[PDB]
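Descriptive structure summary
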Amino acid sequence: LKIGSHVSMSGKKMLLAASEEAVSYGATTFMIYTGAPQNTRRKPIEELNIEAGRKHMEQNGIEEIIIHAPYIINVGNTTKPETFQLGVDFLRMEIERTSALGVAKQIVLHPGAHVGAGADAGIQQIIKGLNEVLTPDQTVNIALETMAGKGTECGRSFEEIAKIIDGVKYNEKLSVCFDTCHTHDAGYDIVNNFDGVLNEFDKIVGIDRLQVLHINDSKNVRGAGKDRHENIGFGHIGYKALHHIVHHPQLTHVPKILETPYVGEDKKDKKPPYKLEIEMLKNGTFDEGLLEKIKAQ
Ligand SMILES: [Zn+2]
Ligand SMILES: [Zn+2]
Ligand SMILES: [Zn+2]
């Protein structure tokens, strides 16, 4: 059960900090941004303390980790040539960083937002951006994230993902990241028919491309397109369904990353749920009082 969470690189520990945090949640994998998620803005490869972080991951059994590219990257942009160009450039640097970790195979990327050009146009730009980024001999894939359909996001259906993959010439370097919150919010019934939804994914996109799993419950109903994550089992997806995904027989080798919200109503401040959530999902039974246990620790 390859399972972990979003963690942080603090600097100057950087990578060592990510790995300690993950270890402290009892995590077997984890996910990092290379930098702040909301900007671009990055320390050189030399300052990521990779040797030390890799040493601590060996010692505590972590073999693979995930990278998520910052979410301001929009290679779907058609009106500001420099935003498109900025995304190509950064992805090129990001592949270099990630490569420079030894042991991240994947960079999660929000495909893009068409921001008024409509999906077709946005998707053609993403193909174009990707075709400018990718090399046939790069050693890390880009994992296109399943999007919730919020605002003008492209990647909101499997058909949109597949369309992007078919567009790019080095598509062997493309994977996908299946986020449970997003797919639910985008209207797929992963609650009483995840097996069906997986089959569809396999037909449209192909299950071998499903290389990252984001395990989030959701604050909103199916189809809401709101991308508001919730703690495991306390949302609209619920424990049975999330548990089923986590332990799915076809997904044993794929790393599961919780991106669930920290806990602490409402003037504090503000505790990570990952340790307890992970163990609850291992235990196979819903802990009605998990939120109150998360608050003390
Ligand atoms: Zn994401
Ligand atoms: Zn996600
Ligand atoms: Zn989300």
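What counts and what doesn't
Residues numbered from 1 in each chain as written, not as in the entry; some residues may be left out. Chains lettered and ligands numbered in written order. Heavy atoms only, no water. UniProt positions renumbered as here; feature names shortened; annotations may be inferred. Helix = DSSP H or I, 4+ residues; strand = E, 2+ residues; numbered from the N terminus. Contact = heavy atoms within 4.5 Å. Buried < 20%, exposed > 50% of the residue type's maximum accessible area, 1.4 Å probe, protein only. Polar contact = N/O pair within 3.5 Å; in protein donor to acceptor, adjacent residues only side chain to side chain. Donors = N, O, S within 2.8 Å, 3.2 Å for Na, K, Ca; no water. Tetrahedral: all angles 85-135°; square planar, octahedral: opposite > 155°, others 65-115°.

Determination of this PDB entry was carried out by X-ray crystallography to a resolution of 2.57 Å, according to the record.

So, on to the UniProt feature "binding site: Zn(2+) 3" in the chain. Those places that UniProt annotates as "binding site: Zn(2+) 3" correspond, in this numbering, to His-182, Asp-227 and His-229. In summary, the annotated positions, though distributed over 48 residues, converge in three dimensions, the widest C-alpha pair being only 8.8 Å. Position of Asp-227 relative to the elements: it lies in the loop between β10 (217-218) and β11 (229-230). For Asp-227, the residues in contact, after removing those within four places along its chain, are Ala-148, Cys-181, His-182 and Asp-185. Overall, the relative accessible area of 18% leaves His-229 in the buried class. Excluding its chain neighbours within four sequence positions, the residues that come into contact with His-229 are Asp-179, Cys-181, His-182, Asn-216, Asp-217, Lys-219, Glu-259 and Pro-261. Polar side-chain contacts of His-229 include one of 3.1 Å to the side chain of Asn-216.

So, about the coordination of the zinc ion (ligand 1). Think of it this way: four donors in a tetrahedron around the metal ideally sit 109.5 degrees apart, and six in an octahedron ideally sit 90 or 180 degrees apart. Listed as protein donors to the zinc ion (ligand 1) are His-68 (NE2), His-110 (NE2) and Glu-145 (OE); their distances from the metal cover 2.1 to 2.2 Å. A distance of 3.5 Å spans the gap from the zinc ion (ligand 1) to the zinc ion (ligand 2), which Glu-145 bridges by coordinating each metal. Taken together, the positions of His-68 in strand β3 (residues 65-68) and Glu-145 in strand β6 (residues 141-145) put the pair 77 residues apart, joining distant regions of the chain. In this pair, the class of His-68 matches that of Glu-145, namely buried.

Here the zinc ion (ligand 2) is held by the protein donor atoms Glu-145 (OE), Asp-179 (OD), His-214 (ND1) and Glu-259 (OE), which lie 2.1 to 2.4 Å from it. Around the zinc ion (ligand 2), the 4 donor atoms sit at angles spanning 73 to 164 degrees, and that spread fits a shape best called irregular. Mapping the donors of the zinc ion (ligand 2) onto the primary sequence yields the spacing E-x33-D-x34-H-x44-E. Residue class for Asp-179 comes out buried when judged on its relative accessible area of 0%. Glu-259 sits in the buried class, given a relative accessible area of 15%.

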